[PDB]
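**Student:** Can you read through this structure? Questions will come right after.
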Amino acid sequence: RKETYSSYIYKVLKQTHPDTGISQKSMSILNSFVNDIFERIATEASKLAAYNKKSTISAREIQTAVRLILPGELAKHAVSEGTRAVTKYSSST
Amino acid sequence: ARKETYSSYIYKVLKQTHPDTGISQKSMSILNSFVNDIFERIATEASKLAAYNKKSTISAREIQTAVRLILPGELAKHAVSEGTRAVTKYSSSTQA
Amino acid sequence: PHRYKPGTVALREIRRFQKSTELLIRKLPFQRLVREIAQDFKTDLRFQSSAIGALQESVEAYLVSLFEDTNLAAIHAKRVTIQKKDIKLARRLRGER
Amino acid sequence: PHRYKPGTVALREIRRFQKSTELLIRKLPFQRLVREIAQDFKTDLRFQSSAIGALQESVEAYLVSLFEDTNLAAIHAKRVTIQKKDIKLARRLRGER
Amino acid sequence: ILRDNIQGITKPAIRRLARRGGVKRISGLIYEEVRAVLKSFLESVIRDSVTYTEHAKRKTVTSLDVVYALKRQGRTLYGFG
Amino acid sequence: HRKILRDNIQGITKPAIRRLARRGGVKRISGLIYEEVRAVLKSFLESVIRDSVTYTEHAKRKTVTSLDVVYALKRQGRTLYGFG
Amino acid sequence: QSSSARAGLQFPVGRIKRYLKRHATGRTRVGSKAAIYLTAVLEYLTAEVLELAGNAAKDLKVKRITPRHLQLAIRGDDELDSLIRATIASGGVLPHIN
Amino acid sequence: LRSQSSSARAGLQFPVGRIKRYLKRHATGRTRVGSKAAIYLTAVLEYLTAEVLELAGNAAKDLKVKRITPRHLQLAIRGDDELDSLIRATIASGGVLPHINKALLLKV
C-alpha cells in the first residue's frame, strides 16, 4: 500500500530544533532505514519469541530484541525510554 | 522426554546412496544442523519474496525461484532438474 | 650428537597438528577463564558443558581464521614472521566491532 | 609556466574529490555496460532509469571500499604505489567471493 | 537492435574513480584487475537482478526489487527507493 | 560463595598460543604475540558471552544451555554446526 | 482518545500494529506492545536526526541533504555499527590520509 | 495392490509430514499450500546427496567404514561448489585442510 513514514519524520524533525528542513531526498534514506531496522527487529523478535514457543510477542521479548541487536550505549538508553513510554501508556487507565 | 529428530531418514538415505559404510553421532548432529539451517534460509527468503511480490499463497514457482536465488549454479541446475522431476512424479498421481 | 636447525620445527609440526582435529586449547583453564569473564556482568550463571565445547571451538575457529589471514598477510610483505603490524592489519580488515 | 613539485598536488586533488559527492562514473558508459552484460546470460529484458542508477551506485560504493582498503594493504609494505599483489590480497582478505 | 560489443573496455575511469578514496600515486597495471573485480561484482548483482525479474513475470526491471536483491546478496547499497 | 577469582586471562600461554598459532599455519613467531592474541580473545569472547547469556536470561533462564550459545553464534553470523 | 496520544508520544501505533501483523510468524501478537515499537522508532530516528544539527557550523545550510546526513553519520561510531554494510546514495567519505 | 498413498507419491525419501510441519511453522500469513510442496523435499534430497556423495568420495581416502567429522570438514572444503553454500563452514572438531604455502619452503 501507498504508506510512508515521512510525515512523522517531518514532525520529528520539527520536534527537534524546528529551524532546519527535511531535504528532498534524504527522507527516502530515512524511510529505508526506519523500515529496514524495523523489519530486522521484527525478524529477530519473531524467532526469539519462537524459541520458547510462546504464542504472542510482548514486553519481555521486545526489550530483549531491542537490546540484543543494537550496540551498547544507544541500546541501554533506548531500553530506558522503552520502559518509560510503555509505562506511560499504562500511566492512565 | 519428547523430541523431533532428523537422523532416521538421514541414515536410510546415506545407506542407499552409498551402500556400505557407517556413521557417527556428532557427524549425525552436524549434518542434521546442516539440513535444518538450509531449510531455514530457504524458508525465510521464501516468505520474504512471497511477501514482496504482493501475492498471497506460497507456490512451487516461488520456491523454485527461491532455490535458484540461494544456492550456486552447479547445484542450481541440479536442484531445478529434480525439482521439475519430482513435480513430474508427484503431479503424476494416478491409480496405477 | 644429532641436531638440526632452529626454525626447522616447521614441517614436522605442520603434519603434527594437521593430522588431528582434536581441540587445541586445554579445557578447564579455558573453562575458568570464560567463567571469569562471564562472572563480572551477571550473577549465578552456569555453563552447560557442551556449551563450553561450543564456545571452545568457536574461539578455535575464530583464532585459526585470524592467524591464517595474518600468515598470508605476512607473506604479502616479503616477511618471514608475523609481527604486530600484521595482526593490526587483520584487525583493520575484520569488519566486526 | 611555473608548476612546482608533483605529488602534493596529488594530495590537493585527493581533498578536491572527496569534498565533493558527484556520481563519479559516466552515464551512458554504464548504460551500455549494464545492458551488454545483462542481455547475454539471460535474454532481452528492459531496464528502468532509477534501478540502473542505483545499481551503479552499488558498483561505486563496493569498489571504492575495496580500493581504500587496498591502499591500506599497500602501505603495509612501506610503499606508496599501487600494485597487483596488494589488490589480490585485498580481495582475499575481503572474503574471496 | 541487439549486438554484442565490448563494454568491458569501459573507460579508464579508475584514474579518477580510484580518485574517490585515498589512492596515492598509482603505478598502473591495475586496469585489468580492477576490470576483473568490477565485472565480477556487476555479474553478481545482475544475475539476481534478473532473477527477481523472472519472479516479477514482467520484462522490465525496477528499483524496489533491485534493493530487495541488493540486500539479499548482503552488499546492501542502502537507501534509494 | 563470593567466587572472587582473578586472572585466567593470560592463562593460555606461550606454548598454548604458539600451538594454536602454528595450527593455523604460521611458522615464525615474533616475541610479543602474547598481548595481542590476549586482547583479541578478550574481545571475541566477551562479545559471545554478552549476547549469549543476555538472551539466555531472556529465556527466564539463569542457567545457560548450549542451544542459546549456538543461536547466539548464528545471531552473530558465525554459525557453528553440530551441537544441536 | 487518540492512540498515539493516549500513548502520548509522537509516532503512530495503529499502522505498526498491522505492520507487525504483516510480518509476524507466531500466530499471536499482543495488542499492547505497539507502545514500544513507537518508542524504538522515536529513539533511533531522533538519535540520528538530532545529530543533523551538527550540520550547522559546517554547512550553514537549512535542509538535511543526502551527502550531509551521512557526512555526519560517520563519526557516530555508535551509529555506523547500526548501518554496517548499509551505504548511501551519493553520500561521500569522511576524509583522511596515511 | 495397496489403497494407501504411501507418502512418496513422487518417490522421494524424506518425511513429508515433517515438510508440512516446517512449512506451517515458518508460517507468516494464513493460507499456505502444503500440498504442492514436495518440491522442497527434492531440494533437501539433492543436498543430502551433495554432501553424502563426497562423503563416499573421501570414504576411501581414510580407509574407514564409519563416517566421521574431520573427513566431513575435508568434504565441506571439497570445493568452491560447496564452500559458498555454507559460507561459514566450521563444523565441530573439524580441523582444517592441510596447507603449507609456497612461501616458506626454499630448500634451506
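Cβ atoms come from the backbone with ideal geometry, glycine included; neighbour counts cover every protein chain shown. FYI, it's all coordinate maths here, none of it is from the lab.
**Student:** Taking only pairs six or more apart or across chains, which ones have beta-carbon atoms under 8 Å, a first residue in the range C:52-67 that is more than 7 Å from chain F (Cβ to nearest Cβ), and a second residue that is in a helix (DSSP H, G or I) and surrounded by fewer than 19 Cβ atoms within 10 Å (Cβ to Cβ)?
**Tutor:** C:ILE52/C:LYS27; C:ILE52/C:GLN31; C:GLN56/C:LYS27
**Student:** Could you tell me whether the range A:3-14 includes any residue that is part of a loop (DSSP other than H, G, I, E, B), closer than 18 Å to G:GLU51 by Cβ and not aliphatic (A, V, I, L, M)?
**Tutor:** No; the residues of the range A:3-14 include none that is part of a loop (DSSP other than H, G, I, E, B), closer than 18 Å to G:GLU51 by Cβ and not aliphatic (A, V, I, L, M).
**Student:** For the range C:3-97, which fully contained helices (runs of 4 or more DSSP H) count at least 2 residues that are hydroxyl-bearing (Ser, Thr, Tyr)?
**Tutor:** C:49-75
**Student:** Then there is this: Taking only the range B:75-96 into account, find how many residues are free of Cβ contacts under 8 Å to residues at least 24 places away in the same chain, part of a helix (DSSP H, G or I) and either surrounded by 12 or more Cβ atoms within 10 Å (Cβ to Cβ) or not polar (S, T, N, Q) (or both).
**Tutor:** Number of matching residues: 15.
**Student:** Of the conditions (1) in contact with a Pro (Cβ under 9 Å, 6 or more places away or on another chain); (2) surrounded by 14 or more Cβ atoms within 10 Å (Cβ to Cβ), H:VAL52 fails just one. Which one is it?
**Tutor:** Status for H:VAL52: all satisfied but (1).
**Student:** Then there is this: From the residues in the range F:1-19 that are more than 7 Å from chain C (Cβ to nearest Cβ) and not basic (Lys, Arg), which one is farthest from C:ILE87 (Cα to Cα)?
**Tutor:** Across the range F:1-19, the extreme among qualifying residues is F:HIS1.
**Student:** Is one or more of the residues making up the range F:20-37 surrounded by fewer than 16 Cβ atoms within 10 Å (Cβ to Cβ), part of a helix (DSSP H, G or I) and away from chain B (no Cβ under 14 Å)?
**Tutor:** Yes, that holds for at least one residue.
**Student:** Can you go through H:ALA38, H:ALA27, H:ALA89, H:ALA43 and tell me which one is within 11 Å of chain C (Cβ to nearest Cβ), within 27 Å of B:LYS48 (Cβ to Cβ) and out of contact with any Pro (no Cβ under 8 Å at 6 or more places or on another chain)?
**Tutor:** H:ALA89
**Student:** Looking at C:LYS42, C:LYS84, C:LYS78, C:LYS27 in this structure, which one is basic (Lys, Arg), loosely packed, with under 14 Cβ neighbours inside 10 Å and more than 19 Å from the chain's Cα centre (by Cα)?
**Tutor:** Only one candidate passes the filter, namely C:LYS78.
Each row is one residue, and each column tells you yes or no for (1) under 14 Å from H:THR28 (Cα atoms); (2) more than 14 Å from chain F (Cβ to nearest Cβ).
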residue	(1), (2)
B:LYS26	no, no
B:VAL35	no, no
B:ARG41	no, no
B:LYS48	yes, yes
B:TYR52	yes, yes
B:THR65	no, yes
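**Student:** Turning to a different aspect of this structure: For residues that are crowded, with 18+ Cβ neighbours inside 10 Å, among the β-branched types (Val, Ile, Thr) and either in contact (Cβ under 8 Å) with a residue 24 or more places away in the chain or not in a helix (DSSP H, G or I) (or both), tally how many sit in the range B:39-67.
**Tutor:** The qualifying residues number 3.
**Student:** Moving on to the next point. Out of all the residues in the range G:9-49, which are surrounded by fewer than 16 Cβ atoms within 10 Å (Cβ to Cβ), small (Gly, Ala, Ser) and either under 22 Å from A:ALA75 (Cα atoms) or over 19 Å from the mean Cα position of the chain (by Cα) (or both)?
**Tutor:** Selection gives G:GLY31, G:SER32.
**Student:** Could you tell me which numbered condition E:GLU43 fails, if it satisfies all but one of (1) surrounded by fewer than 18 Cβ atoms within 10 Å (Cβ to Cβ); (2) touching a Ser or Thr at 6+ places or on another chain (Cβ under 7 Å)?
**Tutor:** (2)
**Student:** Test D:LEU72 against the criterion of being surrounded by 14 or more Cβ atoms within 10 Å (Cβ to Cβ), under 20 Å from E:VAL34 (Cα atoms), more than 7 Å from chain E (Cβ to nearest Cβ) and without any contact (Cβ under 8 Å) to a residue 60 or more places away in the chain, and give yes or no.
**Tutor:** Criteria met by D:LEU72.
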